[PDB]
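Encoded as structure tokens, the structure appears first; notes follow it.
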Amino acid sequence: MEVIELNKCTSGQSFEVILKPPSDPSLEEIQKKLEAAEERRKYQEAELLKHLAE
Amino acid sequence: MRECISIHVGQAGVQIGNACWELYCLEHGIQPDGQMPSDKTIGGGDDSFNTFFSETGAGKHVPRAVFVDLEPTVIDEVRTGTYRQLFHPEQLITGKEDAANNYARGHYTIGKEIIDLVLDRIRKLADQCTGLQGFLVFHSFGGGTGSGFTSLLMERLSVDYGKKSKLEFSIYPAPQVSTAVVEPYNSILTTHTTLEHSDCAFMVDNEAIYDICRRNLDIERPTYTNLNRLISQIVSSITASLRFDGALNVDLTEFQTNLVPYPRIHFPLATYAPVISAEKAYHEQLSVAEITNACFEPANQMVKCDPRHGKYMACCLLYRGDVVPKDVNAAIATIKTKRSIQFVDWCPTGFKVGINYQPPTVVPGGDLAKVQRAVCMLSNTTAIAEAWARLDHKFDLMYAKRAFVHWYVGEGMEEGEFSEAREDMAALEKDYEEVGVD
Amino acid sequence: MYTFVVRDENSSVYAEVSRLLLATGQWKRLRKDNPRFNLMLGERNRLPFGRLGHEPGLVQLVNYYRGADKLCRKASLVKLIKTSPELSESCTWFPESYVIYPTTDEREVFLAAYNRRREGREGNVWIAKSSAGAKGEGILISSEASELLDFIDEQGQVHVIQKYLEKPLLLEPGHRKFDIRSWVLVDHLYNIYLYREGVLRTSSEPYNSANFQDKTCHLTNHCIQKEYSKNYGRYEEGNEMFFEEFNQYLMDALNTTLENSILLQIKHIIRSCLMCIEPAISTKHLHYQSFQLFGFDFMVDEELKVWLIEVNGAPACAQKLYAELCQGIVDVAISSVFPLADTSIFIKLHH
Amino acid sequence: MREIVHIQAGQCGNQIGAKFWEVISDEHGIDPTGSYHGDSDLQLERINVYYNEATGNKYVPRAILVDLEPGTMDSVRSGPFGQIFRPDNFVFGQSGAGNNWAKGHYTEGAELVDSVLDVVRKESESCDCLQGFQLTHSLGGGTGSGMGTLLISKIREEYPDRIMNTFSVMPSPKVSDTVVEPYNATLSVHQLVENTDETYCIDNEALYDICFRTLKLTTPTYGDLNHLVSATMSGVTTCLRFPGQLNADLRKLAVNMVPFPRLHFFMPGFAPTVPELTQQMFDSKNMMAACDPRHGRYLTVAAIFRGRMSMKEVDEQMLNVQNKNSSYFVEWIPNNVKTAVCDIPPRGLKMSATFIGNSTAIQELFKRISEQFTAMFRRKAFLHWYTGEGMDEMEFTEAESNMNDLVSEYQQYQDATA
Ligand SMILES: COc1cc(OC)c(Cl)c(-n2c(-c3ccccc3)cc(=O)c(C)c2-c2ccc(F)cc2)c1
Ligand SMILES: Nc1nc2c(ncn2[C@@H]2O[C@H](COP(=O)(O)OP(=O)(O)OP(=O)(O)O)[C@@H](O)[C@H]2O)c(=O)[nH]1
Ligand SMILES: Nc1ncnc2c1ncn2[C@@H]1O[C@H](COP(=O)(O)OP(=O)(O)CP(=O)(O)O)[C@@H](O)[C@H]1O
Ligand SMILES: Nc1nc2c(ncn2[C@@H]2O[C@H](COP(=O)(O)OP(=O)(O)O)[C@@H](O)[C@H]2O)c(=O)[nH]1
Ligand SMILES: [Ca+2]
Ligand SMILES: [Ca+2]
Ligand SMILES: [Ca+2]
Ligand SMILES: [Ca+2]
Ligand SMILES: [Mg+2]
Ligand SMILES: [Mg+2]
């Protein structure tokens, strides 16, 4: 069991204890997807108001 | 000195943040009006506690935090609370109608409306930063704003602040305090969208916090105040290394490099001890070995799972109070013989240990007892995937019938995003299984 | 009244336990994926342990121990015995064994011992087994290593090679082989209960040491004995000899008793195996509790030394004993957690 | 702040609506003159949801009163709280509807509908953030039945992104007072299936048996039945009128209750120890709709407890009923029973429990109505009264088919497994 890299200061104390060794989308893409979802909402609201006008 | 900005999203994120910052002030001796008598540098300083607090020429210490919810009932409590003085209004942001426990409503419909205003207020905090480490994002998986808007903000933050680190403090849903039937949907969707944008995410299952408050504090029916009080203690011990002098986890990047060797498996399991009731006038004070050994009992974990049936990829021990390294090494050596601790072959069987001589701080009148030594263990074990399995099963049962899906589609989302998000979690579950199983 | 769910319809043991619980009038059976249960009689592979113990207001119990697979599968058990201080690579009651993969592996070490004893002209009859084979197949006995190591690369699943017991205890009349099956119940407190009654699964053909091409004289499974032999049923009904008769034979033919010569070693082996894995499977501080019924298979040599050959996590009983054992499961493993309205058939092995 | 607009249409709707405002005005400490005289301050934290605040700190209900005949309109103004309503929000005709769904929907109600929407619009523009609408009415008449669903259709066209709730009195299995109710109900249900987010099913025969068997009212009256409905209507709106987080607005409630859009018809319940309350609310004898919950399965449930009580005891007792009767809860909607508690009790009671269930057993009601409707329509009995107002026969056929579809859908999920 080794105790390596012991750093020691006023507030506290840090160390390591080894026991055994081993063996993104762009901004344009974001706006486009948010717009496609706004379009889908507007088409559904259009189909609704269209059927209510009928 | 480098700065960190905390972002609190939704009801759960706001209220936990409101408890964390009350606890931060008590630890650093900051008064509700923002005055810190012990700060001998007025109007400035590059002290370690200044990583979370700004300073004004008048002597006030202002949290580097922004609070965002899509309805005012929660944030208006901050504007009137004991620490209303602490913040200034540009940090608090409100909508008028919430996301209705709907991930798509908070992500697409209402998220688009308010995202740009939030980034501007975030940008105001970043302009005051000489060197910005990254962000700490508090939110819930189940809420409409917590799941929907957070995952949108994470995407933009990866753009506006490309190379800066992001840490989540997420609230895994628990039925005993859950407000919505569709939380499993919101959790899978937000996890999928945020996975590639979060460098390290500490999950908290309200079931575990709820039972701990019942078992160890003898609270008949815990409330969010009870739960948040305890959550603040775990959050504080994790962020303590960023707010005090030290050499372990003094930079947001250290969390990833010390706890996350595999990018997608970035969900460490936190374990905290001792949780003692203050109504017990006195108890036999617990030894370092006893509290350290408590860290391997599932009853003290933030997510009820069985690490014995997984594999560790990293482990850190964060002590606060009367703890010396020789006591720790004795506790570790004796514990390793009685416990079933298995590491992955491609990692050393080690423990990174940090000690901070200041004993844990408790809120006056709270349910938690003042103790002289405490410990929090952050271990990246595959056993936390049990939580993903639980949540995925609930998702499958409802989606087999397309139950409630129309609420999401009516908000502009497509049924494909349900399958796309679910497949990602299916891969994540199998990623966890390659690492931790033979 | 309590609730339970059945998820392994093929379990003949828990089929009768299910019948018994409903006869109680205090247990209602729910359907497969109803999560609001007290007791899960779960499936045999990929049982979802991670979902148990998360239903508020429900003490949930399950009839399997997570992690028992390390003991109830040949490749796992060999690795467990060799790599545990408790059981010790220098173990006395487990035959010299080696794990070997077709096409972490131990093939090179198995040959080391094989030539080591053909140097000394000691017997070299080894056997290869695996959890993939069944129905009396997937098994080969030979004295030449080449015949066996070629036979494994002919397969695709991991196997284990084990030193065949060339000098077994042979029952007379018949001059025939046998193995012993003991049933063990481990409750949620991890109490180890041994069923008072065991069974000898018998070979009805005389043990021929010369020719191993013949299977039936060597393999004592209740399947191959019923299926490749006509003298099946001559000496005892169904090639099943029970302890009272076996106790008499030992006394009359060897001036000893079942208890002293054999049974005391069986209880030692059971304790050692289960107590070795208690830290890794015990559920006394978990959110869900466990119990499991195990079936231990033993071989006895002519010196009356007891050897362990395998363990079954999902075993079957003998037709004469289903009623007595399956009701004992209810009182000790189920009714212990979920009481009912208001002598013992088990041996408790202390630790 | 999140304001709801209330509408009551027809003789039935107005009578029920009037006692609803009597109950909650008392609960919020408002007297008939519109002035607050209460004790606690939780009474006013969410008062703006159902009340507008006007000069002089007087609170006026955000209520619109509608009927094609003036009779019941004059009774509302002479009642106990009739003084409180905004006099410009009384929108009444003179003809009446004569139990004719076509008159309320197409001819007599058409001439009056715009006058109603003008009041609706004026109220909605005075809302910080309008939340939705709730309507009280019957499905057997002509005004609340026919004109009510016209207002619903008109309101959706102006406020398509707002929630629409209704408290609908359904025809009863054995008690009726109008011959053509199968036609009026079937024509309204067709509308509600398409244009409402949440509908509470009330039938009078169940209310009457409660009044006669349980409360022991030897000669019950619509006065006694309405007191039950208003008490229930108070209970189902407690989470909307008092501080809380669970089902705190109409949309959040709908999202937790409606797994599939067309299956949004609920079976209310009320009761009357903690174990006693929880047993009652689940009992068939405490349901306000004539459907046995044991003849179907619950898709979702919402329970509201009021008064001072041990939440530990409540939480423990709700779980026992769920785990006791697992067969009656769908296995494929985990944790579909949600419980909320408010410290404010109703008047006369210290502990109350209100029950909201979305049970597939509701199909029985839609089958009763369909059977009666077809028996009339196959012979075209009484149809000349409707075709005489301009309707075509095919409007009837479509309404029948939609309800038969709605019955099929309810059965589909009643037998679904995991
Ligand atoms: C629904 O159709 C009805 C049919 C009927 O007689 C067959 C009656 Cl009496 C009533 N009814 C009336 C009433 C109505 C119209 C004309 C005259 C009297 C007034 C009243 O106060 C109450 C309580 C009831 C009522 C309700 C539900 C019941 F189960 C039993 C009685 C209603
Ligand atoms: N621990 C804890 N959990 C909370 C708290 N508040 C809410 N939750 C959890 O969060 C989930 C509900 O999400 P919320 O945060 O309340 O809602 P939201 O994030 O504001 O989203 P919207 O309701 O759409 O505006 C449930 O699973 C709750 O258990 C809290 O203060 N503490
Ligand atoms: N090392 C050894 N020495 C002597 N005989 C052995 C042996 N290993 C196995 N055998 C014989 O081979 C037979 C089958 O072995 P094994 O018990 O592995 O089959 P199996 O796993 O199908 C039993 P079950 O069906 O109960 O799981 C046994 O009856 C035993 O007599
Ligand atoms: N609860 C209740 N129901 C009523 C009342 N008056 C009528 N109804 C119901 O409504 C039906 C008669 O419809 P009515 O209210 O006159 O419809 P309208 O023409 O729109 O006013 C009957 O079947 C009753 O069940 C009442 O005062 N209270
Ligand atoms: Ca300073
Ligand atoms: Ca990134
Ligand atoms: Ca006219
Ligand atoms: Ca006009
Ligand atoms: Mg909210
Ligand atoms: Mg086997």
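The values are calculated or read from the model by the stated rules, or taken from the named source; no laboratory read-out is quoted. We place every Cβ from the backbone using ideal geometry, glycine too, and count neighbours over all the protein chains shown.
For residue B:170, indicate whether it is away from ligand 10 (no atom under 16 Å from the Cβ), surrounded by fewer than 22 Cβ atoms within 10 Å (Cβ to Cβ), within 15 Å of the chain's Cα centre (by Cα) and among the hydroxyl-bearing types (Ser, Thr, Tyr).
On the way: away from ligand 10 (no atom under 16 Å from the Cβ): yes; surrounded by fewer than 22 Cβ atoms within 10 Å (Cβ to Cβ): no; within 15 Å of the chain's Cα centre (by Cα): yes; among the hydroxyl-bearing types (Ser, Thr, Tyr): yes.
In short, no.
Cβ-Cβ below 8 Å, separation at least six or inter-chain, first residue in the range D:103-123 and assigned by CATH to the domain that holds residue D:142, second within 16 Å of ligand 1 (Cβ to nearest atom) and of a type in the set (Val, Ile, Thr): which pairs?
These pairs meet every condition: D:104/D:143; D:109/D:143.
On the basis of being more than 17 Å from the chain's Cα centre (by Cα) and not assigned by CATH to the domain that holds residue D:369, does residue D:249 make the cut? Steps first, answer last, please.
On the way: more than 17 Å from the chain's Cα centre (by Cα): no; not assigned by CATH to the domain that holds residue D:369: yes.
Answer is no for this residue.
Show the residue pairs meeting these rules: Cβ distance below 7 Å; 6+ apart or different chains; first residue within the range D:228-255 and of a type in the set (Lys, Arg); second residue away from ligand 7 (no atom under 16 Å from the Cβ).
These pairs meet every condition: D:241/D:24; D:241/D:46; D:241/D:49; D:241/D:50; D:251/B:100; D:251/D:163; D:252/B:100; D:252/B:101.
Does residue B:150 qualify as being more than 16 Å from ligand 3 (Cβ to nearest atom), touching a helix residue (DSSP H, G or I) at 6+ places or on another chain (Cβ under 9 Å) and under 23 Å from residue D:254 (Cβ atoms)? Quick ask: steps written out before the conclusion?
On the way: more than 16 Å from ligand 3 (Cβ to nearest atom): yes; touching a helix residue (DSSP H, G or I) at 6+ places or on another chain (Cβ under 9 Å): yes; under 23 Å from residue D:254 (Cβ atoms): no.
The answer is no for residue B:150.
Out of (1) out of contact with any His (no Cβ under 6 Å at 6 or more places or on another chain); (2) over 30 Å from residue A:6 (Cα atoms); (3) away from chain A (no Cβ under 14 Å), what's the single condition that is false for residue B:362?
The number of the failed condition is (2).
Which residue is nearest to the other protein chains (Cβ to nearest Cβ), if the candidates are limited to the range D:193-210 and must be surrounded by 21 or more Cβ atoms within 10 Å (Cβ to Cβ), within 15 Å of ligand 4 (Cβ to nearest atom) and assigned to a helix (DSSP H, G or I)?
Per the criteria, the residue is D:206.
Scan the range D:221-240 and tell me whether some residue there is in contact with an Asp or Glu (Cβ under 8 Å, 6 or more places away or on another chain), more than 16 Å from ligand 3 (Cβ to nearest atom) and within 14 Å of chain B (Cβ to nearest Cβ).
The initial filter retains those residues of the range D:221-240 that are in contact with an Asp or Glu (Cβ under 8 Å, 6 or more places away or on another chain), namely D:230, D:234, D:240.
Now narrow it down to the ones that are more than 16 Å from ligand 3 (Cβ to nearest atom): D:230, D:234, D:240.
Imposing the further condition that a residue be within 14 Å of chain B (Cβ to nearest Cβ) reduces the set to D:240.
For the range D:221-240, residues in contact with an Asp or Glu (Cβ under 8 Å, 6 or more places away or on another chain), more than 16 Å from ligand 3 (Cβ to nearest atom) and within 14 Å of chain B (Cβ to nearest Cβ): present.
Hey, does the range B:80-103 have a residue that's within 20 Å of residue B:21 (Cα to Cα) and of a type in the set (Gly, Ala, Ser)?
Yes, some residue in the range B:80-103 is within 20 Å of residue B:21 (Cα to Cα) and of a type in the set (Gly, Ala, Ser).
Scan the range D:266-274 and tell me whether some residue there is farther than 28 Å from residue B:102 by Cβ, in a helix (DSSP H, G or I) and away from ligand 4 (no atom under 16 Å from the Cβ). Quick ask: steps written out before the conclusion?
Keep residues of the range D:266-274 that are farther than 28 Å from residue B:102 by Cβ, which gives D:270-274.
Within this subset, residues satisfying the condition of being in a helix (DSSP H, G or I) are D:274.
Among the residues that remain, those that are also away from ligand 4 (no atom under 16 Å from the Cβ) are: D:274.
Checking the range D:266-274: at least one residue is farther than 28 Å from residue B:102 by Cβ, in a helix (DSSP H, G or I) and away from ligand 4 (no atom under 16 Å from the Cβ).
Please state which one of D:71, D:144, D:79 is away from ligand 7 (no atom under 15 Å from the Cβ), under 30 Å from residue D:46 (Cα atoms), surrounded by fewer than 20 Cβ atoms within 10 Å (Cβ to Cβ) and more than 14 Å from chain B (Cβ to nearest Cβ).
Working: D:71 fails: under 30 Å from residue D:46 (Cα atoms); D:144 fails: surrounded by fewer than 20 Cβ atoms within 10 Å (Cβ to Cβ).
One residue alone meets the criteria, D:79.
Can you pull out the residues in the range A:1-25 that are outside any strand (DSSP E or B) and more than 7 Å from chain B (Cβ to nearest Cβ)? Even if it seems obvious, please write down each step before you answer.
Here is the first cut: in the range A:1-25, the ones outside any strand (DSSP E or B) are A:1, A:9-11, A:21-25.
Across the range A:1-25, there are no qualifying residues.
Considering only residues that are more than 11 Å from chain D (Cβ to nearest Cβ), β-branched (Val, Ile, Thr) and within 25 Å of residue B:404 (Cα to Cα), which ones fall in the range B:90-121?
The one that is more than 11 Å from chain D (Cβ to nearest Cβ), β-branched (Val, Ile, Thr) and within 25 Å of residue B:404 (Cα to Cα): B:110.
Going residue by residue through the range B:132-142, is there one that turns out to be within 14 Å of another protein chain (Cβ to nearest Cβ) and under 30 Å from residue B:208 (Cβ atoms)? Spell out the reasoning first.
If we filter the range B:132-142 for residues that are within 14 Å of another protein chain (Cβ to nearest Cβ), which is where we start, we get B:140, B:142.
Subsequent filtering for residues that are under 30 Å from residue B:208 (Cβ atoms) retains B:140, B:142.
Yes, the range B:132-142 has at least one match.
Could you tell me whether any residue of the range D:61-83 is under 26 Å from residue D:189 (Cα atoms) and among the hydroxyl-bearing types (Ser, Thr, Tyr)?
Yes, the conditions are met somewhere in the range D:61-83.
Inside the range D:306-324, can you point out the residues that are more than 10 Å from chain C (Cβ to nearest Cβ) and farther than 21 Å from residue B:174 by Cα? Spell out how you get there, then give the answer.
We begin by selecting, within the range D:306-324, every residue more than 10 Å from chain C (Cβ to nearest Cβ); these are D:306-314, D:321.
Hits for the range D:306-324 are D:306, D:307, D:308, D:309.
Considering the range D:72-109 alone, what residues qualify as being β-branched (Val, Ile, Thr) and part of a loop (DSSP other than H, G, I, E, B)?
First, pick out the residues of the range D:72-109 that are β-branched (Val, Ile, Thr): D:72, D:76, D:84, D:91, D:107.
Of everything in the range D:72-109, just one residue is β-branched (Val, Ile, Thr) and part of a loop (DSSP other than H, G, I, E, B), namely D:84.
Would you mind listing the helices (runs of 4 or more DSSP H) fully within the range D:304-393 where at least 1 residues are farther than 20 Å from residue D:280 by Cα and touching a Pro at 6+ places or on another chain (Cβ under 8 Å)?
Working: elements: D:311-324, D:363-377, D:384-387.
It comes to D:363-377.
Given B:134, B:162, B:143, which one is more than 16 Å from ligand 4 (Cβ to nearest atom), closer than 18 Å to residue B:11 by Cα and out of contact with any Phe, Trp or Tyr (no Cβ under 6 Å at 6 or more places or on another chain)? Full working, then the answer.
Numbers: B:134 fails: closer than 18 Å to residue B:11 by Cα; B:162 fails: closer than 18 Å to residue B:11 by Cα.
Result of the check over B:134, B:162, B:143: B:143.
Kindly provide the set of residues from the range D:156-170 that are out of contact with any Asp or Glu (no Cβ under 9 Å at 6 or more places or on another chain) and crowded, with 24+ Cβ neighbours inside 10 Å, ordered by number.
If the condition is that a residue be out of contact with any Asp or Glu (no Cβ under 9 Å at 6 or more places or on another chain) and crowded, with 24+ Cβ neighbours inside 10 Å, then D:167, D:168 are the ones that fit.
Specify the residue that is surrounded by the fewest Cβ atoms within 10 Å (Cβ to Cβ); the eligible residues are those in the range D:128-141 that are assigned to a strand (DSSP E or B) and of a type in the set (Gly, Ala, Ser).
Among residues in the range D:128-141 that are assigned to a strand (DSSP E or B) and of a type in the set (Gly, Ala, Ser), the one surrounded by the fewest Cβ atoms within 10 Å (Cβ to Cβ) is D:132.
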